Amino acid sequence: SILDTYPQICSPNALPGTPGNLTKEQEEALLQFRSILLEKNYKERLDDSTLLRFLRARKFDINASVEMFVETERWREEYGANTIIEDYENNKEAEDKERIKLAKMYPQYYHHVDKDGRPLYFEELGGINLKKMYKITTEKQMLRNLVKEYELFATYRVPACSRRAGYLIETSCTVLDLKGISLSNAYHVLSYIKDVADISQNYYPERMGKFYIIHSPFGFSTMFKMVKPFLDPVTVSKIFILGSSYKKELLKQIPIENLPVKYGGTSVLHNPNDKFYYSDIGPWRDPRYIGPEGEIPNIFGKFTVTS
C-alpha cells in the first residue's frame, strides 16, 4: 500500500491523540473503533491516521466517532468525493481554463512548508469582486474545488511532505490575507463560509494545523462573531487573528526563507515576473519526495508555476 512509502508516525512533539503519541486508553479506543467499522463491512480509510482524526474530533467517544465516520463515508459516495480527482483529469482542459479565470481575483497557493513540515497555504481576499465572481463561477462550484483540493492534499501533498519531514504530516499552515476587503462584502459571503466550515468539520476532521488571519480591517472582530457560531471549539483554537506585528508571529512558525517577501520573509519565485496565484511550490514537486502516487496534476494547466 502507499501508506508503506511514507511515515505513519507523527513527531513525538505533536499534540495528544496523534499517531504514535497515544495513551493506553487511546490505543484501545482505536482498536475498538476499527473493529466496529470492519464489522460493518468498511474497508477503506481505516488506517491509524484517518481513524485518529475522527477520534480526536470527538474526544475519543467511540460511538460519536463511528457516527461521524459512517456519515462521512455516505457523503463521499453521494457527493462523488471518491472519484473527484479522476473526474477532474477526464475534463482537465475545461477545468483548468475555468480555474485560471479566478486565480488573479482570488489568489490561492501553496508555497513551501512551515517549521514542522506542514504545507504552507496562502489565500488573498482583497481582490475579490463578487459581481465578477458570480459571472465566472457558482457557489457550489467553489465548494467542489475545495473538496477537490482536500483530496489532492491527502494523496499528493501529505505523502511528499511526510517523507521530507521524516514524520507524518496531516495538517496545513494557512495564512488568510484580508488586506483590502470590505467588511460589507464579508457579511454577504457568510453562507459560503458556513458551507466551507461544514464540509471541513464534518468530512475532513483535524485537517487544520495553524490558521492565521492577517491584515483584517477595523471591525473585523464584529464580523468574526457571525462566524464563530458554526465553528467547533477545536477549530476556533487554531485560528489566530494577527495585529500589526503579524510578521513576527509568522516568523515564529515559518522559516524566513519559505515566507514570501511581502509577508516578512525572503522567498521569491525563480522568475520574478511570474505570479504567485499561478504557483504551486513544495515538496510534492521534488522528485526526491514524490512516490508511487505520482506527481500532482497542474491546477492552472500550462500556466502553473512550480518554481
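Residue numbers here begin at 1 and follow the sequence given.
For the pair 117-125 and 232-240, the record assigns the higher mean C-alpha temperature factor to 232-240. 149-157 and 219-227 differ in mean CA B-factor, and the higher of the two is recorded for 219-227.
Between the residues 195, 177, 73, 98, the entry's highest C-alpha temperature factor is the one at 98. Of the candidates 270, 248, 56, 34, the deposited coordinates give 270 the top C-alpha B factor. In the PDB entry, residue 291 places in the middle third of its chain by CA B-factor. When the CA B factors of the chain's modelled residues are split into thirds, the value for residue 283 lands in the lowest one. Ranked by Cα temperature factor within the chain, residue 183 sits in the highest third according to the deposited record.
Residue 131: CA B factor lies in the highest third for its chain, per the PDB record. Annotation for residue 137: CA B-factor lies in the highest third of the chain's modelled residues.
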